[PDB]
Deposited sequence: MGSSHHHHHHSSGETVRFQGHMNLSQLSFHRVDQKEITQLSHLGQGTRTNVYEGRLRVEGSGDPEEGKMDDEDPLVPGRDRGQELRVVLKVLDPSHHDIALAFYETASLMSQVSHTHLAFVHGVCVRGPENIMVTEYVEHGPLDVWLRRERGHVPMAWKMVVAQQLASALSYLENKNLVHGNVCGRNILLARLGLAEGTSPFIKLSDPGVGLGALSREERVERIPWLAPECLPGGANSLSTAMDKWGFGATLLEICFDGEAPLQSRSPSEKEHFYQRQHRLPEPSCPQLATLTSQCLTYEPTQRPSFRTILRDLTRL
């Protein structure tokens, strides 16, 4: 990844929080600055691995990483500013007013981005609505939405059990104690999209759900029902490839 100097970045309004990060609007060009918390070197390394991965990839439905600013105890990931922000926040504002054809486009754009990663044997590890950003809302007639999948943030391997339980239902069950984990994440993300930004699923309740090997609900739309059932299986090897998912969509 590219190194950014603090002289090149301006930090503005706080947009939200990520895992171990505070997300701010900023300037470099309008950017999004992901400020890592004062961390251990493992978390800093996991954050760098994410800047590296996202700097070596290029896809229309993958948000851009400008680089990393590393000065003293601060680690700032300089990323692409996407107009309408997180998908879940949007779907929740527009509940009951989001057409099924709109949801279908977002699914296909998300699956093409994920098929690209799959072909390069690269893992995202954090596919959820929050990490799906809306470039274009596709609200006017003859316009489609345009999504860009965000960086996965601090890589999953560096996270505590407590933080992995918080990622349920998007976290693949095998990760509670592979490019197959993005198939679960994708499946749980179709459900969230279908339930208008509302996720299917307290910490103990969520852990017990996975431990008891219970399955997530069926989507509100029947079109995605077979797909979600195939994606949200506890056997990682049985999940379809995004090549198949993209064809089937």
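- Stretches of the deposited sequence left without coordinates are 1 to 28, 57 to 84, 234 to 239, 264 to 266, 315 to 317, in sequence order.
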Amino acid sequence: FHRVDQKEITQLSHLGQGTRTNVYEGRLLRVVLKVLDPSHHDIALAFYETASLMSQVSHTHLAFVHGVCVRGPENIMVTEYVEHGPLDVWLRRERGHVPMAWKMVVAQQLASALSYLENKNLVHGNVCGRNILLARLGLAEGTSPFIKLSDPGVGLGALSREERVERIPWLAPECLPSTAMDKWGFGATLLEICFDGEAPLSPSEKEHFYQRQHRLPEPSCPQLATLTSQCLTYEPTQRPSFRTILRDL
From here on, numbers count along this sequence of modelled residues.
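We call the rigid core whatever largest set of C-alpha positions still superposes within 1.5 Å between the two forms.
- Two stretches, 70 to 78 and 162 to 170, are weighed by how far their CA atoms sit from the shown form in 8 other deposited structures of this protein after rigid core superposition; the farther one is 70 to 78.
- When the mean C-alpha temperature factors of 220 to 228 and 207 to 215 are read from the deposited coordinates, 220 to 228 comes out higher.
- Two stretches are in play, 106 to 114 and 68 to 76, and the higher mean C-alpha B-factor belongs to 68 to 76.
- Annotation for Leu62, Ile193, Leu53, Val35: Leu53 ranks highest, by Cα B-factor.
- Residue-level inspection of the entry shows that, of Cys128, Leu133, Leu137, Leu176, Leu176 has the top Cα B-factor.
- When the modelled residues of the chain are ordered by C-alpha B-factor, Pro200 sits in the highest third.
- Looking at the C-alpha B-factors along this chain, the one for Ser58 belongs to the middle third.
- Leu12 sits in the highest third of its chain by CA B factor, as recorded in the PDB entry.
- Placement of the Cα temperature factor of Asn119 within the chain: highest third of the modelled residues, per the deposited record.
- Split the chain's modelled residues into thirds by C-alpha temperature factor. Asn22 is in the lowest one.
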